[PDB]
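J.: Can you look at this? It's an experimental structure, sequence on top.
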Amino acid sequence: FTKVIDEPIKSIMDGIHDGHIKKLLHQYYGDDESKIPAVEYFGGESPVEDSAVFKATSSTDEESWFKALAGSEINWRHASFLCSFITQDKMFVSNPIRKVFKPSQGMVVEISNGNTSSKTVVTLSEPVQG
Amino acid sequence: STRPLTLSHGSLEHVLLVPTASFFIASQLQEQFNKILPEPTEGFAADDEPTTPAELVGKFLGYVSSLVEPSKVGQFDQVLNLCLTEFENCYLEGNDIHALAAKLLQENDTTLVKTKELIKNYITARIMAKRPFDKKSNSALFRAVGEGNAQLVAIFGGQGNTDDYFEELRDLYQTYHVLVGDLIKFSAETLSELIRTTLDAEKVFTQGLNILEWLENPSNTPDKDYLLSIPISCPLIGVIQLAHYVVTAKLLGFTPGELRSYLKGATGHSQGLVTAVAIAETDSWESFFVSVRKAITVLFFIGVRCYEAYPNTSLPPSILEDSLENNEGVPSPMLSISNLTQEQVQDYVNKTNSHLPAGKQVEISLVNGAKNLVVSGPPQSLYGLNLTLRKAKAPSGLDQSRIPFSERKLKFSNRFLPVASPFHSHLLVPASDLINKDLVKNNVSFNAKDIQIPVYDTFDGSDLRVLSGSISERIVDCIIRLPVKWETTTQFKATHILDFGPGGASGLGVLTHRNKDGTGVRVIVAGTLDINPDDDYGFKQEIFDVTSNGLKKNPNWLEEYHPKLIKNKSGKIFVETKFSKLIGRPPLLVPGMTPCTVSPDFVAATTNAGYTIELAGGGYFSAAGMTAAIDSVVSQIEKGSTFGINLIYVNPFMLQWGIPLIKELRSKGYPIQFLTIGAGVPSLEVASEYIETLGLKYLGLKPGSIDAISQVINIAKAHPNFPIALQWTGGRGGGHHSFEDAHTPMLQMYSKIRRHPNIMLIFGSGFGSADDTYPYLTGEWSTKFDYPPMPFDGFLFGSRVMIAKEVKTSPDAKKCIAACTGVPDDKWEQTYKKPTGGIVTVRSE
Ligand SMILES: Cc1cc2nc3c(=O)[nH]c(=O)nc-3n(C[C@H](O)[C@H](O)[C@H](O)COP(=O)(O)O)c2cc1C
């Protein structure tokens, strides 16, 4: 398959990806790009309600807690509570939204307009001077 | 009003709220039970001694039920009725007895025998308290079959599964006395009648067929070599099978006909087929005994006339000694051969049949798999074949890793089955005529209209309902002379299979499971109660469970690892695999290559195209040199772009600066997404170090062989939440390469790999185009080898990218690469001798 000299690496790899996409469209999506499901962003998936309220305790499981805070829809809240990394210029530091909302006794997260990404507001509240 | 009654045994204890109106009676028993109950030891490891509270309350139900008698109403009835109702409310949370039994085995330090004792006690208690199993259980499986989410097929085994088949009948008679007791006694009077009715029966039954006496007193039971003889083993294996069917019906509150109507179809390996036609005629508990009489009678005459046609003669002591001191079995009339093809075996039997006359020839009798056959014939003849085989096989502890795949001497196993007749052979043909006469003299005919479900013929896989001729005559023919093509008869489309047959985990169930792995079929072993640590097949408990543990499905690889398309908001379409889903970009990678990916210009340029690429540590000799390459990669890639790093495991010098550097650079947050470890797989303690310390998203491993894949699977099991990228490459790959085929190792290892949801499974060696990779993406590649589809999660492209514009490879080297014609997969191994397609193999330092 090594025949054409000086083919750009983008063109070889895209050639292979776009090859598969054309065969997978033909076989499993009757040649129709409209049948392809859409997400906001594709990635960061581990291989393993409008107005809600979540009271954390000492027993509250981290993973369950962030899955609830994140919501079902793929959008900025999903990223915010499930991305393990964010970027600072070119560096990849720990996600500070998952550090701040890390569950513990007293914390109370209220989600408002959960079903509309553009207007959702997550509001963490803790006991401050009683 | 009510008074607490403390019944105990050392540390374990249970409180029972007995009403005061019948308290004096419950205390009478409490004392009497405390006498028979032995002294409490440490860990309760001794026999006839409870190990959990549940066992103790069991024992108490067993003791109370022994004094009670069901004919007349006693004083103790009102205590049994209550103490039982306390067992139900405390320990059986709606579930059936078997589901508790199972739960006590895996959690607590209970032995199998104690659990069997606990089930007996509960079942006896239930029956003798005048509370029969009348109501239909809420078993998840039989719920799902009513709805249409499950399709049940029943299979019945036969001969050559265990030597100690009688222990299964002894276990049924003990543990389920009250359920099967009536069946087993009827089968014993039916056999005793057939012996005195038939002319020369008693001549074949030298030590009688008083099975009742053998079940009561284990001392009066004849030796195994008499029980194994087909005139006994035929009808008794039928009885065992019908007893498991009854139990299964009676604990589900179904009539036979009801349980038969839940089955899409039945079928049976060898004499199992007689049982399979027997259950398919059943309707009610009243007319169950005419369908049993027919089955037992057929198997009785098959077992007698086949034994009269070919009795087992004394084998020369020279042959018995040669077989034992060559790690083979005792020569019998059936020789299993594992891990050879049917053509390869039919070769060796055609060599061995040329030298032998007509009446001593061997034939292939059972085709249980692609690579799992059984040859029938005279035992001396099969010892012949076995001498012709032991010179052709490699020792089982030979190292063939350094030998190219096609030159490797084929290794296999060959044991003799524990069976005393050559079923499915020309030797038994003379018996056929005699059997067809004994079936019309005893009025035993199977009629096509009375058979309510399809029963699959073991030869061609056809239904026996659509037969023009006699069904009995065909079933006999299928057992005595026609071969069994098991894969051809199990072409039915079912989700669940119930193995009723004898042998449990060694039986027909587990074999059917190996044949059908990855097609989304779950086998349940309906006879044996036990635990499977793998959980690939289920046991008796799974039939009766009412929770979500009753309907467990097996992974269908084509549906579960189907490649999909997806698009993001910007409308860029991606191929969605387990791998691409993680890395958020197309499931193609440029693996680490010295010197192709040592260039920070080519790593940036591929990372910027939007593809994973490993920077090759092979081109670097210090942390300082690598650090300055990484800094150059970062400089050229966009914000949020990442890349990997390839380290060589057989360069310890390069790991002892590389691993600390990766750890340091990730602590400052450099965009190193993953580490790949080339040339061998790290040990568990080293792999655990890399996973937990290095701050990586996933870890690439590049297993050479089967043992290396098993070592990757062990690393994955240790860190079940951490993604492992198992980059499988055949030896046909560029650079340092193994001796292994690309396909054969994945066909063996793909199921074990897919048990572990954190292994992303990449395929390399010999790819350049969408055209050649697509079959690996959709899993059709494995349908050429007669396996179920095995889709892959991603691809790696080494050789293919060496002539890209951005690669530093000199112009005249690129011309020299592009001029190589290459060769197809089947030729590649020729590189070990001579220049094949412009490419050759040489040895490193
Ligand atoms: C030129 C070249 C250099 C390689 N260098 C390395 C290396 O440094 N480390 C490693 O694990 N594999 C290395 N490999 C093997 C590849 O990572 C991969 O196993 C192989 O390229 C895939 O086979 P293919 O070349 O037929 O596409 C190299 C392969 C080639 C062709």
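T.: Arrived safely, thanks for sending. Numbers count the residues shown, from 1 in each chain, chains lettered A, B, ... in the order given.
J.: Now tell me what touches stretch B:528-545 from outside.
T.: Identification of contacts with stretch B:528-545 by C-beta atoms under 8 Å, 6 or more residues apart in numbering or on different chains yields B:95-99, B:101-102, B:105-106, B:112, B:115-116, B:119, B:137, B:139-141, B:248, B:251-252, B:498, B:504-505, B:509-510, B:513, B:517, B:522-527, B:549-550, B:552, B:554, B:755. Quick note: C-beta positions are derived from backbone N, CA and C, even for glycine.
J.: Can you flag the buried ones in those residues?
T.: B:95-99, B:101-102, B:105, B:115-116, B:119, B:137, B:139-141, B:248, B:251-252, B:498, B:504, B:509-510, B:513, B:517, B:522-527, B:550, B:552, B:554 (16 or more other C-beta atoms under 10 Å in any protein chain shown).
J.: Keep only those of those that are in helices.
T.: In helices, defined here by DSSP state H, the members of the buried ones among the contacts of stretch B:528-545 are B:97-99, B:101-102, B:105, B:115-116, B:119, B:140-141, B:248, B:509-510, B:513.
J.: In contact with the residue lying closest to residue B:405 once chain neighbours are set aside, which residues are there?
T.: Leaving out its chain neighbours, the residue that sits closest to residue B:405 by C-beta to C-beta, 6 or more residues apart in numbering or on different chains is residue B:741, at 4.6 Å. With contact taken as C-beta under 8 Å, 6+ apart, residue B:741 is in contact with B:405, B:730, B:731.
J.: would JSON lines of the residues you listed with secondary structure and neighbour count be doable?
T.: What follows is the contacts of residue B:741, written out as JSON lines (DSSP: H, G, I helix; E, B strand; the rest coil; neighbours: other C-beta atoms under 10 Å in any protein chain shown):
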{"residue": "B:405", "secondary structure": "helix", "neighbour count": "18"}
{"residue": "B:730", "secondary structure": "coil", "neighbour count": "22"}
{"residue": "B:731", "secondary structure": "coil", "neighbour count": "21"}
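J.: which of these lies closest to residue A:32?
T.: Using C-beta to C-beta, residue B:730 comes nearest to residue A:32 of the contacts of residue B:741, at 36.7 Å.
J.: Give me the neighbour count for the residue nearest to that closest one when sequence neighbours are not counted.
T.: Using C-beta to C-beta, 6+ apart and skipping the chain neighbours, the partner closest in space to residue B:730 is residue B:742 (3.0 Å). The local packing of residue B:742 (other C-beta atoms under 10 Å in any protein chain shown) involves 23 other residues.
J.: how near is residue B:742 to chain A?
T.: Going from residue B:742 to chain A by C-beta to the nearest C-beta, to the nearest Å gives 15 Å.
J.: Okay, and that residue sits in which element?
T.: Taking DSSP states H and E as the definition, residue B:742 sits outside all helices and strands.
J.: which residues does it contact?
T.: The contact partners of residue B:742, by C-beta under 8 Å, 6+ apart, come to B:728, B:729, B:730, B:731, B:732, B:763, B:765, B:766, B:825.
J.: Tell me how many other residues surround the last one.
T.: When you say that, I think you mean residue B:825. 14.
J.: That one contacts residue B:766, doesn't it?
T.: Yes. In this structure, residue B:825 is within contact of residue B:766 by C-beta atoms under 8 Å, at 6.2 Å.
J.: Overlap of the contact sets of the two?
T.: Residues touching both residue B:825 and residue B:766 (C-beta under 8 Å, 6+ apart): B:732, B:742.
J.: all strands of chain A, in order?
T.: Ranges of strands in chain A, per DSSP state E, are A:52-55, A:85-88, A:91-94, A:108-112, A:121-125.
J.: Relative to the ligand, which of the ones you listed is closest?
T.: strand A:91-94 (24.1 Å; C-beta to the nearest ligand atom).
J.: Distance check, residue B:426 against the ligand.
T.: Applying C-beta to the nearest ligand atom, to the nearest Å, the value for residue B:426 to the ligand is 52 Å.
J.: same deal with residue B:143?
T.: 50 Å.
J.: Same check on residue B:160?
T.: 45 Å.
J.: Ok, residue B:558 next?
T.: Distance from residue B:558 to the ligand, by C-beta to the nearest ligand atom: 26 Å.
J.: How about residue B:66?
T.: 70 Å.
J.: Wait, a helix at that residue?
T.: Yes. Per DSSP: H, G, I helix; E, B strand; the rest coil, residue B:66 lies within a helix segment.
J.: How about residues contacting stretch A:4-24?
T.: Against stretch A:4-24 from outside (C-beta under 8 Å, 6+ apart): B:563-565, B:573-575, B:586, B:588, B:590, B:602, B:605-606, B:608-611, B:769-771, B:773-774, B:777-778, B:795, B:797, B:800-801, B:803-807, B:811, B:814-815, B:818.
J.: List the buried residues of it.
T.: Buried, per 16+ other C-beta under 10 Å, within stretch A:4-24: A:7, A:9, A:10, A:12, A:13, A:14, A:16, A:17, A:20, A:21, A:23, A:24.
J.: Same check on stretch A:104-123?
T.: A:107, A:109, A:111, A:114, A:120, A:122.
J.: restrict the residues you listed to those near chain B?
T.: Near chain B, taking C-beta under 8 Å from any C-beta of the partner chain as the test, no member of these is found.
J.: same for the ligand: which of those residues are within range?
T.: Taking C-beta under 6 Å from any ligand atom as the test, the ligand is in contact with none of the buried residues of stretch A:104-123.
J.: now, which of the residues you listed sits nearest residue B:471?
T.: For the buried residues of stretch A:104-123, the nearest to residue B:471 is residue A:114 (64.6 Å; C-beta to C-beta).
J.: Give me the distance between the residue in the stretch 401-550 of chain B positioned nearest to the ligand and residue B:701.
T.: The ligand sits closest to residue B:405 of the stretch 401-550 of chain B, with a gap of 15.8 Å, by C-beta to the nearest ligand atom. Computed with C-beta to C-beta, to the nearest Å, the distance linking residue B:405 and residue B:701 is 21 Å.
J.: repeat for residue B:499
T.: Counting by C-beta to C-beta, the gap from residue B:499 to residue B:701 is 37 Å.
J.: Same question for residue B:306.
T.: Counting by C-beta to C-beta - residue B:306 and residue B:701 are separated by 55 Å.
J.: For the stretch 1-150 of chain B, which residues are neighbours of the ligand?
T.: Going by C-beta under 6 Å from any ligand atom, none of the residues of the stretch 1-150 of chain B are near the ligand.
J.: which residues of the stretch 1-150 of chain B fall in helices?
T.: B:23-36, B:53-67, B:77-90, B:97-106, B:112-128, B:140-147 (DSSP state H, counting those that start in this stretch).
J.: what would those helices look like in JSON lines with distance to residue A:42?
T.: JSON lines is the format used below for those (distance: least, C-beta to C-beta, whole Å):
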{"stretch": "helix B:23-36", "distance to residue A:42": "67"}
{"stretch": "helix B:53-67", "distance to residue A:42": "51"}
{"stretch": "helix B:77-90", "distance to residue A:42": "51"}
{"stretch": "helix B:97-106", "distance to residue A:42": "41"}
{"stretch": "helix B:112-128", "distance to residue A:42": "50"}
{"stretch": "helix B:140-147", "distance to residue A:42": "35"}
